[PDB]
Structures are given as structure tokens and as C-alpha cells.
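Trainee: Input: one structure, supplied below.
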Amino acid sequence: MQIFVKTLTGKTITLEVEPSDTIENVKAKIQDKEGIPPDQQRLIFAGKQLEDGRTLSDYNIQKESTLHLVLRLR
Ligand SMILES: [Zn+2]
Ligand SMILES: [Zn+2]
Ligand SMILES: [Zn+2]
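In C-alpha cells:
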């Protein structure tokens with residue numbers, strides 16, 4: 008399946024994922040794509056921020072769903 012990751016930048020990134028992909032996996036895919044390291048990413052879906060451990064299915068994220076990426080730079 009496919010999901011979108013819209014940036015605060017504005018640009019939209021599209022990812023090939025699986026329903027049982029962990030958020031950690033999603034962060035990994037974004038690093039393989041945009042260079043940004045996992046522990047610098049925060050992911051938002053329908054106003055809630057996602058946990059590295061739990062999966063897309065758990066958050067009921069199906070195809071063509073949009074996730075927000077916000078950077079934590081510390
Ligand atoms: Zn996967
Ligand atoms: Zn890789
Ligand atoms: Zn949105």
C-alpha cells in the first residue's frame with residue numbers, strides 16, 4: 008500500500024509501506040529518502056503523534072492516508 012508524508016515545508020513525500028510496518032520502519036523509510044535521521048523525526052496522524060513501537064494498523068492508517076512529519080532538533 009501507499010501513504011503520504013506531508014512536510015511543514017509543503018512538499019509531499021510518498022512511501023510504499025505495509026499495514027504492519029512499525030512507525031520506526033516509517034522513520035527508516037524517510038531517512039532512506041530524505042536523509043533525516045529517525046530520532047529527529049516526529050510523526051503525526053489525525054492530530055496524534057505516533058510511537059516508534061506500534062504499527063500503522065494499530066493507528067488504523069490505511070492506504071493514501073496522510074502523515075505529518077515534524078522535526079525535533081534538540
Ligand atoms: Zn515494511
Ligand atoms: Zn534502507
Ligand atoms: Zn493532515
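Per the numbering used here, the sequence shown starts with residue 8, numbered consecutively. Ideal placement from N, C-alpha and C gives every residue a C-beta, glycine not left out.
How about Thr14 and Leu76: do their beta carbons lie closer than 8 Å?
Mentor: Cβ atoms of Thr14 and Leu76: closer than 8 Å.
Trainee: In the DSSP assignment, the alpha helix (DSSP H) including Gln38 goes from what residue to what residue?
Mentor: Taken as a continuous stretch (DSSP letters only), the alpha helix (DSSP H) holding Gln38 covers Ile30 to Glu41.
Trainee: Go ahead and pull the three-state DSSP assignment for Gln69.
Mentor: DSSP places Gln69 in coil when its eight states are reduced to three.
Trainee: What residue range is occupied by the uninterrupted beta strand (DSSP E) comprising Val24?
Mentor: Counting along the chain, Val24 falls outside any beta strand (DSSP E), and DSSP gives it neither H nor E.
Trainee: Mark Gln47 as exposed unless 16 or more other C-beta atoms lie within 10 angstroms of its C-beta, in which case mark it buried.
Mentor: Exposed, since its Cβ has fewer than 16 Cβ neighbours within 10 Å.
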